[PDB]
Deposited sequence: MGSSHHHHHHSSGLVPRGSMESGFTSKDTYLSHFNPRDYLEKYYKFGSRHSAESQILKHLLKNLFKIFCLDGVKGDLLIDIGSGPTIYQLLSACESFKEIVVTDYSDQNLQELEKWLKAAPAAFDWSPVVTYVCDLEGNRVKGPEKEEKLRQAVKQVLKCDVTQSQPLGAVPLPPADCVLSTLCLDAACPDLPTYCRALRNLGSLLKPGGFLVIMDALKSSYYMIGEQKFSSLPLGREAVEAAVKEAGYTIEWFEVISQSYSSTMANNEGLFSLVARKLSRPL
């Protein structure tokens, strides 16, 4: 069936258990992070932006919790230069397994070398590709289970309050409505130190995203709804950027991406 995304017939939005069953890390990785495609340009945009946030701006500290990491590590590459400890998390178990293969530098794991090299050229080439992946691997401390829709996102796992909370291309997929988007930001706040940083980068006006022929739901947010929901979840925006570049017609109906850096009140 392709009339409605998988797991959305009864409710209207993809169910969380749909991510445990029909989400495949290998195809998600090959589809978006594997010539100079729409996806390659988007990745270059999120990387250049993460380089500005973590290396040019004042976003440094001890703990950075990454929420809904999937099987990806592109989003951590520049943060490992400013954060002493990273905690990668996700709801889908198979994604945490794909991340644990990467921490182990297993041969079965996905090859992030083109992305690592690109980030090294962004950072002025102080180090090479292999030295960079090793610094990130050491910085990743725990691999955790995650549910944004819970007052305690990481269950009973006792973690010190974080200096920053990163969340790339996840909240739109996780939150079925605006109240859930608001409640989920407040829950991420339960991990943040007072005045701690909230970093999000996600699609704009997208009702879906594809994994081959697997349609997955996305909350079609507008720039103003993002600004409004963030402010109302107990945060103050510092920086808000919107680029008009979209994913390929065949994989998503987004009308650009957004990226913000908010601070918890």
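Missing from the model, relative to the deposited sequence, are the stretches 1-11, 46-48, 280-283.
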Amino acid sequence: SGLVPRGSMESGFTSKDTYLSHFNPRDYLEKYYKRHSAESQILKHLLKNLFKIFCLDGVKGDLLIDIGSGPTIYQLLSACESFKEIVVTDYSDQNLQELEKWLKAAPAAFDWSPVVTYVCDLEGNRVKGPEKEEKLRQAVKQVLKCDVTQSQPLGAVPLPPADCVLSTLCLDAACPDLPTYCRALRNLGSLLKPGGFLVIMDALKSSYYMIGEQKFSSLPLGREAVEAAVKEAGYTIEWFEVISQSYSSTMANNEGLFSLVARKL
From here on, numbers count along this sequence of modelled residues.
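Of the other compared PDB entries of this protein that include residues on both sides, at least a third leave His36 without atoms. The PDB entry records a higher mean C-alpha B factor for 10-18 than for its counterpart among 252-260 and 10-18. The PDB entry reports B-factors from which the mean C-alpha value can be compared for 195-203 and 62-70; the larger average falls on 62-70. In this entry, the residue among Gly189, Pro130, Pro179, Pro160 with the greatest C-alpha B factor is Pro130. Going by the entry's values, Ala184 shows the largest Cα B-factor out of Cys80, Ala184, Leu144, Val116. Remark: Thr89 belongs to the middle third of its chain, ranked by C-alpha B-factor as recorded.
In the deposited entry, the Cα temperature factor of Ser37 sits in the top third of values across the chain's modelled residues. When all modelled residues of the chain are sorted by CA temperature factor, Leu50 is found within the lowest third. Remark: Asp111 belongs to the highest third of its chain, ranked by C-alpha B-factor as recorded. Annotation for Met210: CA B-factor lies in the middle third of the chain's modelled residues.
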